[PDB]
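Okay, so here's the structure we're looking at.
Protein chains: 2
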Amino acid sequence: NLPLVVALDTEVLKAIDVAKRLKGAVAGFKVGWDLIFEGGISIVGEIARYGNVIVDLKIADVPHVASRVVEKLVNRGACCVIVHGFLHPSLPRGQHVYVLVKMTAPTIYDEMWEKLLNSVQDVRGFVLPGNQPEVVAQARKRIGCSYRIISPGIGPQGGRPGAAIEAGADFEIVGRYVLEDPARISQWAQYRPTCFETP
Amino acid sequence: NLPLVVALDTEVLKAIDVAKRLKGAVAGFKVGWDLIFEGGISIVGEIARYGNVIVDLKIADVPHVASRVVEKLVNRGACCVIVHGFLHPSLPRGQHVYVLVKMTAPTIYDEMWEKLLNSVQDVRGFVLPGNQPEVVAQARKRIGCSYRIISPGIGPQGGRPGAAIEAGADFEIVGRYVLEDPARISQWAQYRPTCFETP
Ligand SMILES: O=c1cc(O)n([C@@H]2O[C@H](COP(=O)(O)O)[C@@H](O)[C@H]2O)c(=O)[nH]1
Ligand SMILES: O=c1cc(O)n([C@@H]2O[C@H](COP(=O)(O)O)[C@@H](O)[C@H]2O)c(=O)[nH]1
Ligand code: NI
Ligand code: NI
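So the sequence lines, in the order shown, correspond to chains B and A.
The letter at position 122 of the first sequence is residue 125 when you use PDB author numbering, and the numbering goes up by one with no holes.
The letter at position 59 of the second sequence is residue 62 when you use PDB author numbering, and the numbering goes up by one with no holes.
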């Protein structure tokens, strides 16, 4: 069980083939825009047959909509969901929620993220940019092993495989790099999550 | 037609029923995760048979993903999409893009929305909270008729019909209040868009 969550940013047929292939070998799968666009919400439970599914639609709506979206997903196959921390204090929380507080691309988070880690508690964990290992290390210093950290941005976005884990992350989120060649998951073989054994 | 964009946060068959009933009577329809979850992205094209469709998935992902998402949506018939302004400077741009810069619920936008409004150019327009018409007025004061403004939060969230338009909005975005009784669109008969006759 490599400390890797594979981002299935691809068509349904390809995603199912990849999931079946990597079943039991990775920590889970991230299902997002591309899959839901093609297959509707029913694709979540389908991928969930093969491992833990994190649904990532970057949830960022007001409470009456966000709460419904979260509940539809977690009750139809998702182990957890990613939501935007910028919504704070109007933020979904609890054990099914990962909160994104800084991104692999420049955004207004770049000035907010440390304050957000101070503000946000009682969630599953945080998403922090794995192409900025210093950010992961600082965050882990601040929160210790209280919450999970998962980190995208490995490969095309600049991050080296394992470098976010080295810096303190529990799992790295990897899309194109792995989709292009699923055998690359072996590059995570020597790594273990910093704090939590499961995402 | 009335300066109303109707938010179809509902089931596919209900959305089609309302869209058919309101075809030609309103400025457009807002299609979001409820419909896409059920019908996949094809629902965008279906609703577009009945009027202008703004797809609202509060788009907030990094450029490689966001650009593809917006493209798929426009290709399926969306006239425009709503994206989160907090992504700035990593923000999708152009005449297809409405940028949300303050919400009807409290968020981090609240302390910096004006600075953001000033920073964003070369987009179709902005989403500003219709339950806070003073914000709409201040925004319109800053940008004049350079950009569209559309405003949710009417009804359950506290805004009164027409108050955002009166304060400077072009269109009000209305969901539950109108879905519950589409005859209510008559309440917008006396109002007209501030700057733009179409969304
Ligand atoms: O800051 C972030 C947050 C993300 O969720 N992601 C997500 O992580 C994945 C990265 O994809 P890739 O490994 O092909 O670059 C995408 O699904 C993207 O939406 C990201 O790239 N940066
Ligand atoms: O700040 C905002 C931005 C929005 O897009 N919206 C959207 O406007 C609609 C409001 O729905 P309603 O009229 O039922 O309250 C929803 O689709 C919601 O996602 C909002 O309520 N507040
Ligand atoms: Ni999970
Ligand atoms: Ni439009």
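A virtual CB, placed ideally from N, CA and C, is assigned to each residue, including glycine.
Could you tell me which chain A residues have their CB closer than 7 Å to the CB of residue i, listed as they occur along the chain?
i, result
"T110/B", "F89, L90, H91 and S93"
"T197/B", "Near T197/B there are no residues of chain A at all, since even the closest Cβ is about 24 Å away, more than 7 Å."
At a Cβ threshold of 8 Å, is residue i touching chain A?
i, result
"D20/B", "no"
"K61/B", "yes"
"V73/B", "no"
With which residues is residue i paired in a DSSP beta bridge?
i, result
"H87/A", "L103/A"
"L5/B", "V29/B"
"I62/A", "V86/A"
"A10/A", "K33/A"
"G54/A", "Looking at the DSSP assignment, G54/A forms no beta bridge with any residue, so it has no partner."
"residue 219/A", "Because chain A in this structure spans residues 4 to 202, residue 219/A falls outside the shown range and cannot be described."
Where does residue i sit, in a helix, a strand or coil, going by DSSP?
i, result
"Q193/B", "coil"
"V138/B", "helix"
"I157/B", "strand"
"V126/A", "strand"
"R163/B", "coil"
"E200/A", "coil"
"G97/B", "strand"
"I176/A", "strand"
"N78/B", "coil"
"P185/A", "helix"
"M115/A", "coil"
"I44/A", "coil"
"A108/B", "coil"
Which chain A residues are close to residue i, counting only those with a beta carbon under 9 Å from its beta carbon?
i, result
"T201/B", "Near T201/B there are no residues of chain A at all, since even the closest Cβ is about 25 Å away, more than 9 Å."
Contact residues within the segment 34–67 of chain B, judged by C-beta distance below 8 Å to chain A
Result list: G35, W36, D37, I39, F40, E41, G42, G43, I44, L60, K61, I62, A63, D64, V65, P66 and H67.
Members of the segment 7–19 of chain B that neighbour chain A once the beta carbon cut-off is set at 8 Å:
From the segment 7–19 of chain B, only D12 have a Cβ closer than 8 Å to chain A.
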